[PDB]
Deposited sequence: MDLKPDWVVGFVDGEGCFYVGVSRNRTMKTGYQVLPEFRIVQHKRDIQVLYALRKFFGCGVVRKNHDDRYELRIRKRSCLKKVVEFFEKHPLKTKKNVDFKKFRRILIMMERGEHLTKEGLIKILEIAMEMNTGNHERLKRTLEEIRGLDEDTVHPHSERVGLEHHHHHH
């Protein structure tokens, strides 16, 4: 499988998901962990595409949920982010992408380690289309 960058942009506009989860994790000073992730889900008949996309980005995990390319490692997410800056998404995923990127930058620069940075991140995540709004709302309430 050989994939052309604009083919990848099209496929991700269609199938890709930029997500930021937050879970309780009382090890963290703040009490919470932010979990950004990028995911593309395909039926098993198309698992080849998932491996081809892993090869394209040079990183990621292909796993069964229905199989998934899931990217969690910040180094790998960085490559994803710089790909989509050079080759922008076309749908509303572009807007989720930009919030996703902003959170990733904040985390790389360690801003999530303060109460105020965590709060800022939660607010940005609540503006994304990818679920968990009520859940983000409830953790904002616990932090305050």
Which parts of the deposited sequence have no C-alpha atoms in the model? 66-68, 148-170
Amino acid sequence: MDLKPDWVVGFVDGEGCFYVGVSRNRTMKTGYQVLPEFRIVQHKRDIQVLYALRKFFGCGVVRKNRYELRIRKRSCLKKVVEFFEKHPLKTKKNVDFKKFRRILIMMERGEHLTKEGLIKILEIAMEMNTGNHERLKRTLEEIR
From here on, numbers count along this sequence of modelled residues.
Per the PDB record, is the mean Cα temperature factor higher over 127-135 or over 12-20? 127-135
Which of these, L118, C76, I103, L89, has its C-alpha atom at the highest B-factor, as the entry lists it? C76
When the modelled residues of the chain are sorted by Cα temperature factor, does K99 land in the lowest, middle or highest third? lowest
Of the three thirds of its chain by CA temperature factor, lowest, middle or highest, which one includes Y67? highest
Looking at the entry's B-factor column for C-alpha atoms only, identify whether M107 ranks in the lowest, middle or highest third of its chain. lowest
Please place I47 in the lowest, middle or highest third of its chain according to the CA B-factor in the PDB entry. highest
Of the three thirds of Cα B-factor ranks in this chain, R54 occupies the lowest
